[PDB]
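Printed here is protein.cif (mmCIF, C-alpha atoms and all ligand atoms):
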data_coords
loop_
_atom_site.group_PDB
_atom_site.id
_atom_site.type_symbol
_atom_site.label_atom_id
_atom_site.label_comp_id
_atom_site.auth_asym_id
_atom_site.auth_seq_id
_atom_site.Cartn_x
_atom_site.Cartn_y
_atom_site.Cartn_z
ATOM 1 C CA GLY A 1 -5.999 -11.751 13.299
ATOM 2 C CA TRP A 2 -3.255 -11.496 15.889
ATOM 3 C CA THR A 3 -4.446 -8.152 17.227
ATOM 4 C CA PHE A 4 -6.924 -9.496 19.770
ATOM 5 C CA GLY A 5 -4.030 -11.122 21.592
ATOM 6 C CA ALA A 6 -2.156 -7.829 21.744
ATOM 7 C CA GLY A 7 -5.094 -5.650 22.825
ATOM 8 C CA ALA A 8 -8.697 -5.058 21.904
ATOM 9 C CA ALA A 9 -10.010 -7.038 18.954
ATOM 10 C CA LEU A 10 -9.994 -5.201 15.622
ATOM 11 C CA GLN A 11 -12.133 -6.411 12.743
ATOM 12 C CA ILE A 12 -10.268 -7.130 9.505
ATOM 13 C CA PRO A 13 -11.302 -8.908 6.282
ATOM 14 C CA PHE A 14 -10.013 -12.463 6.015
ATOM 15 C CA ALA A 15 -8.329 -12.117 2.622
ATOM 16 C CA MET A 16 -6.353 -9.166 3.988
ATOM 17 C CA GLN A 17 -5.110 -11.275 6.902
ATOM 18 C CA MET A 18 -4.072 -14.048 4.523
ATOM 19 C CA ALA A 19 -2.099 -11.477 2.542
ATOM 20 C CA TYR A 20 -0.324 -10.309 5.699
ATOM 21 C CA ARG A 21 0.493 -13.857 6.709
ATOM 22 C CA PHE A 22 2.059 -14.281 3.292
ATOM 23 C CA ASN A 23 4.186 -11.175 3.898
ATOM 24 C CA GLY A 24 5.333 -12.820 7.111
ATOM 25 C CA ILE A 25 7.343 -15.469 5.248
ATOM 26 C CA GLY A 26 8.660 -13.481 2.295
ATOM 27 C CA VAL A 27 6.273 -13.841 -0.638
ATOM 28 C CA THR A 28 4.890 -10.668 -2.196
ATOM 29 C CA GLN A 29 1.243 -10.495 -1.251
ATOM 30 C CA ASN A 30 -0.134 -10.000 -4.768
ATOM 31 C CA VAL A 31 0.552 -13.704 -5.379
ATOM 32 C CA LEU A 32 -2.313 -14.419 -2.990
ATOM 33 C CA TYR A 33 -5.044 -12.579 -4.884
ATOM 34 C CA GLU A 34 -4.205 -13.896 -8.345
ATOM 35 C CA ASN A 35 -4.645 -17.396 -6.896
ATOM 36 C CA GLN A 36 -7.265 -16.892 -4.152
ATOM 37 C CA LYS A 37 -9.872 -19.355 -5.453
ATOM 38 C CA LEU A 38 -7.315 -22.121 -5.962
ATOM 39 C CA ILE A 39 -5.898 -21.810 -2.457
ATOM 40 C CA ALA A 40 -9.369 -21.937 -0.948
ATOM 41 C CA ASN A 41 -10.270 -25.153 -2.742
ATOM 42 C CA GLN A 42 -7.080 -26.726 -1.448
ATOM 43 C CA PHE A 43 -7.727 -25.683 2.150
ATOM 44 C CA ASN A 44 -11.238 -27.139 2.272
ATOM 45 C CA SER A 45 -9.855 -30.224 0.537
ATOM 46 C CA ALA A 46 -6.855 -30.685 2.815
ATOM 47 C CA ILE A 47 -8.874 -30.351 6.012
ATOM 48 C CA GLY A 48 -11.203 -32.980 4.582
ATOM 49 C CA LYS A 49 -8.432 -35.556 4.536
ATOM 50 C CA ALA B 1 -9.952 -2.269 -0.501
ATOM 51 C CA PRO B 2 -7.408 -4.861 -1.629
ATOM 52 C CA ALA B 3 -6.029 -2.921 -4.592
ATOM 53 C CA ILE B 4 -6.510 0.061 -6.892
ATOM 54 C CA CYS B 5 -6.899 -0.029 -10.685
ATOM 55 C CA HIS B 6 -5.699 2.894 -12.810
ATOM 56 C CA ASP B 7 -5.267 1.858 -16.479
ATOM 57 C CA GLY B 8 -6.195 -1.809 -16.334
ATOM 58 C CA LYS B 9 -3.106 -2.358 -14.235
ATOM 59 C CA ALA B 10 -3.621 -3.379 -10.606
ATOM 60 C CA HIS B 11 -1.578 -1.681 -7.884
ATOM 61 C CA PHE B 12 -0.688 -2.848 -4.391
ATOM 62 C CA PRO B 13 0.522 -0.931 -1.330
ATOM 63 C CA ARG B 14 4.200 -1.246 -0.486
ATOM 64 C CA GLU B 15 3.302 -1.398 3.205
ATOM 65 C CA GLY B 16 0.111 -0.843 5.108
ATOM 66 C CA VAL B 17 -3.363 -0.646 3.606
ATOM 67 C CA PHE B 18 -5.791 1.661 1.829
ATOM 68 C CA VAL B 19 -8.677 3.321 3.667
ATOM 69 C CA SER B 20 -11.245 6.031 2.946
ATOM 70 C CA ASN B 21 -13.740 8.072 4.932
ATOM 71 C CA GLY B 22 -15.863 8.362 1.784
ATOM 72 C CA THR B 23 -14.278 11.608 0.615
ATOM 73 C CA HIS B 24 -10.871 10.457 -0.644
ATOM 74 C CA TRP B 25 -8.656 7.383 -0.549
ATOM 75 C CA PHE B 26 -5.500 7.128 1.538
ATOM 76 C CA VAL B 27 -2.725 4.679 2.380
ATOM 77 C CA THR B 28 -1.658 4.206 5.983
ATOM 78 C CA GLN B 29 0.598 2.051 8.089
ATOM 79 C CA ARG B 30 -0.645 -0.829 10.190
ATOM 80 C CA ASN B 31 -0.434 -0.042 13.895
ATOM 81 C CA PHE B 32 -1.136 3.713 13.898
ATOM 82 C CA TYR B 33 -3.327 6.120 11.955
ATOM 83 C CA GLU B 34 -1.207 8.373 9.755
ATOM 84 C CA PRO B 35 -2.623 8.901 6.256
ATOM 85 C CA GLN B 36 -0.546 9.970 3.271
ATOM 86 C CA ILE B 37 -1.408 10.670 -0.360
ATOM 87 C CA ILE B 38 -1.309 7.708 -2.739
ATOM 88 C CA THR B 39 1.801 7.628 -4.931
ATOM 89 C CA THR B 40 3.748 5.405 -7.313
ATOM 90 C CA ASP B 41 6.466 5.427 -4.643
ATOM 91 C CA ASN B 42 4.741 3.600 -1.776
ATOM 92 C CA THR B 43 2.890 1.357 -4.252
ATOM 93 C CA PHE B 44 3.913 -1.150 -6.887
ATOM 94 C CA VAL B 45 2.385 -2.699 -9.983
ATOM 95 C CA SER B 46 1.797 -6.372 -10.752
ATOM 96 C CA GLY B 47 -0.517 -7.972 -13.276
ATOM 97 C CA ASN B 48 -3.825 -6.766 -14.664
ATOM 98 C CA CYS B 49 -6.952 -5.800 -12.765
ATOM 99 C CA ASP B 50 -9.388 -8.484 -13.911
ATOM 100 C CA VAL B 51 -7.948 -11.324 -11.830
ATOM 101 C CA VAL B 52 -8.168 -9.714 -8.388
ATOM 102 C CA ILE B 53 -11.394 -9.901 -6.361
ATOM 103 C CA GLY B 54 -12.989 -6.757 -4.969
ATOM 104 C CA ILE B 55 -10.881 -4.066 -6.630
ATOM 105 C CA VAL B 56 -11.956 -0.414 -6.673
ATOM 106 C CA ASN B 57 -11.545 2.103 -9.491
ATOM 107 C CA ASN B 58 -9.615 5.258 -8.591
ATOM 108 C CA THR B 59 -6.627 7.364 -9.660
ATOM 109 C CA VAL B 60 -2.967 7.049 -8.664
ATOM 110 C CA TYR B 61 -1.023 10.307 -8.432
ATOM 111 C CA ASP B 62 2.533 10.765 -9.704
ATOM 112 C CA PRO B 63 4.573 13.642 -8.199
ATOM 113 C CA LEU B 64 6.994 13.779 -11.131
ATOM 114 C CA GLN B 65 4.450 15.569 -13.345
ATOM 115 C CA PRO B 66 4.615 19.011 -11.637
ATOM 116 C CA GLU B 67 8.417 18.800 -11.513
ATOM 117 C CA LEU B 68 8.995 17.761 -15.137
ATOM 118 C CA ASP B 69 7.377 20.995 -16.357
ATOM 119 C CA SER B 70 10.454 23.025 -15.373
ATOM 120 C CA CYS C 1 11.023 20.895 12.055
ATOM 121 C CA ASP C 2 8.970 22.350 14.914
ATOM 122 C CA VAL C 3 8.410 19.363 17.177
ATOM 123 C CA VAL C 4 11.417 17.037 16.995
ATOM 124 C CA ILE C 5 14.184 18.059 19.398
ATOM 125 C CA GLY C 6 17.753 18.251 18.138
ATOM 126 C CA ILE C 7 16.950 18.835 14.466
ATOM 127 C CA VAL C 8 19.755 20.278 12.334
ATOM 128 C CA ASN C 9 20.000 22.322 9.140
ATOM 129 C CA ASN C 10 21.647 20.551 6.189
ATOM 130 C CA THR C 11 21.540 20.435 2.394
ATOM 131 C CA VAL C 12 19.618 17.506 0.907
ATOM 132 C CA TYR C 13 20.636 16.536 -2.619
ATOM 133 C CA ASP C 14 18.121 15.425 -5.235
ATOM 134 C CA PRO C 15 19.090 13.166 -8.174
ATOM 135 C CA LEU C 16 16.660 15.124 -10.359
ATOM 136 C CA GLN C 17 18.943 18.182 -10.333
ATOM 137 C CA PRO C 18 21.562 17.029 -12.905
ATOM 138 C CA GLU C 19 18.854 16.051 -15.410
ATOM 139 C CA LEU C 20 16.284 18.831 -14.912
ATOM 140 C CA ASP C 21 17.375 20.394 -18.232
ATOM 141 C CA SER C 22 15.150 17.969 -20.184
HETATM 142 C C1 LIG D 101 -18.875 -7.966 -0.052
HETATM 143 O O1 LIG D 101 -20.261 -8.579 -0.087
HETATM 144 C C2 LIG D 101 -21.080 -8.051 -1.184
HETATM 145 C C3 LIG D 101 -22.401 -8.785 -1.214
HETATM 146 O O2 LIG D 101 -22.237 -10.016 -1.862
HETATM 147 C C4 LIG D 101 -20.390 -8.219 -2.530
HETATM 148 O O3 LIG D 101 -21.195 -7.613 -3.543
HETATM 149 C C5 LIG D 101 -19.028 -7.575 -2.536
HETATM 150 O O4 LIG D 101 -18.340 -7.927 -3.757
HETATM 151 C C6 LIG D 101 -18.187 -8.018 -1.400
HETATM 152 N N1 LIG D 101 -16.978 -7.127 -1.340
HETATM 153 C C7 LIG D 101 -15.692 -7.650 -1.740
HETATM 154 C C8 LIG D 101 -14.456 -6.773 -1.685
HETATM 155 O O5 LIG D 101 -15.609 -8.776 -2.112
HETATM 156 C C1 LIG D 102 22.676 17.935 25.460
HETATM 157 O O1 LIG D 102 23.072 18.140 26.907
HETATM 158 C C2 LIG D 102 23.572 19.494 27.161
HETATM 159 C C3 LIG D 102 23.844 19.647 28.641
HETATM 160 O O2 LIG D 102 22.654 19.464 29.356
HETATM 161 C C4 LIG D 102 22.573 20.558 26.732
HETATM 162 O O3 LIG D 102 23.195 21.836 26.850
HETATM 163 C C5 LIG D 102 22.118 20.372 25.307
HETATM 164 O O4 LIG D 102 20.991 21.243 25.068
HETATM 165 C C6 LIG D 102 21.700 18.985 24.993
HETATM 166 N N1 LIG D 102 21.598 18.860 23.499
HETATM 167 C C7 LIG D 102 20.330 19.090 22.845
HETATM 168 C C8 LIG D 102 20.231 18.965 21.336
HETATM 169 O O5 LIG D 102 19.371 19.374 23.489
HETATM 170 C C1 LIG D 103 17.539 26.356 9.641
HETATM 171 O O1 LIG D 103 16.672 26.872 8.507
HETATM 172 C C2 LIG D 103 15.771 27.965 8.885
HETATM 173 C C3 LIG D 103 15.149 28.531 7.632
HETATM 174 O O2 LIG D 103 16.092 29.342 6.989
HETATM 175 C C4 LIG D 103 16.508 29.085 9.589
HETATM 176 O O3 LIG D 103 15.568 30.075 10.000
HETATM 177 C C5 LIG D 103 17.223 28.555 10.800
HETATM 178 O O4 LIG D 103 17.949 29.638 11.420
HETATM 179 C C6 LIG D 103 18.175 27.481 10.436
HETATM 180 N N1 LIG D 103 18.751 26.917 11.707
HETATM 181 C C7 LIG D 103 19.984 27.462 12.231
HETATM 182 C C8 LIG D 103 20.578 26.906 13.510
HETATM 183 O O5 LIG D 103 20.531 28.350 11.660
#
As structure tokens - that is how I would like this structure written.
Amino acid sequence: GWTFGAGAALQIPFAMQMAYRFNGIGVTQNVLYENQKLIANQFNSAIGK
Amino acid sequence: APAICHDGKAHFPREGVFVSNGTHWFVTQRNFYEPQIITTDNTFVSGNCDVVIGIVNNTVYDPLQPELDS
Amino acid sequence: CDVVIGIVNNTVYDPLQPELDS
């Protein structure tokens, strides 16, 4: 995540970081988990284009 | 862990994340280590438990129970 | 109250007090 820029790098699971980045814009983070799979399949698809 | 399941309901931390040294579970803020006991105050409930990936069974404590006895 | 400097005594209300009779 962002932490390595601030100081020493701190390991953190990727889904957790996605949840934080959702908090950053004002969407309650639970919305991420109940859709995780879907979002993933869009990401890999979008980058493909 | 991402979330905690109590009665089929899935809970989420109001702020910060859950950790555990093996003995017990705790909820702490992001940038500094300062554990506190899990509560229905600094948590909130949304949806059932089945949907989320990687949940962990545990118990959520409610401080109103000792007080409501009086 | 030991560490923080400038701390002051005061009464803190609790909304549970009016309805504790239940
Ligand atoms: C982490 O990896 C193991 C091995 O596949 C898996 O069983 C486990 O579900 C994973 N933990 C989470 C929270 O997904
Ligand atoms: C504020 O400054 C005065 C004068 O130095 C001092 O007597 C007083 O202790 C200070 N207030 C507190 C809470 O320390
Ligand atoms: C604040 O409360 C404690 C506990 O009764 C008391 O000992 C202390 O004297 C009080 N502070 C002041 C300035 O009276």
**Request:** Compile the residues of chain B that lie within 8 Å of chain A, evaluated using only C-alpha atoms, and express the compilation as a PyMOL selection string.
**Result:** chain B and resi 2+12+46+51-53
**Asked** At what distance in Å, to one decimal, does CA of residue 54 in chain B lie from CA of residue 34 in chain B?
**Response**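 Computing it gives 24.2 Å between the two atoms.
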**Computed interatomic separation between atom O1 of ligand LIG 103 (chain D) and CA of residue 33 in chain B (Å)** = 29.0 Å
Assuming 5 Å of padding per side, give the centre and edge lengths of the axis-aligned box around every listed atom of ligand LIG 102 (chain D), in Å to one decimal and as AutoDock Vina command-line options.
--center_x 21.6 --center_y 19.9 --center_z 25.3 --size_x 14.5 --size_y 13.9 --size_z 18.0
**Request:** Determine which residues of chain B sit within 9 Å of chain C, taking into account only C-alpha atoms, and present them as a PyMOL selection string.
**Result:** chain B and resi 67-68+70
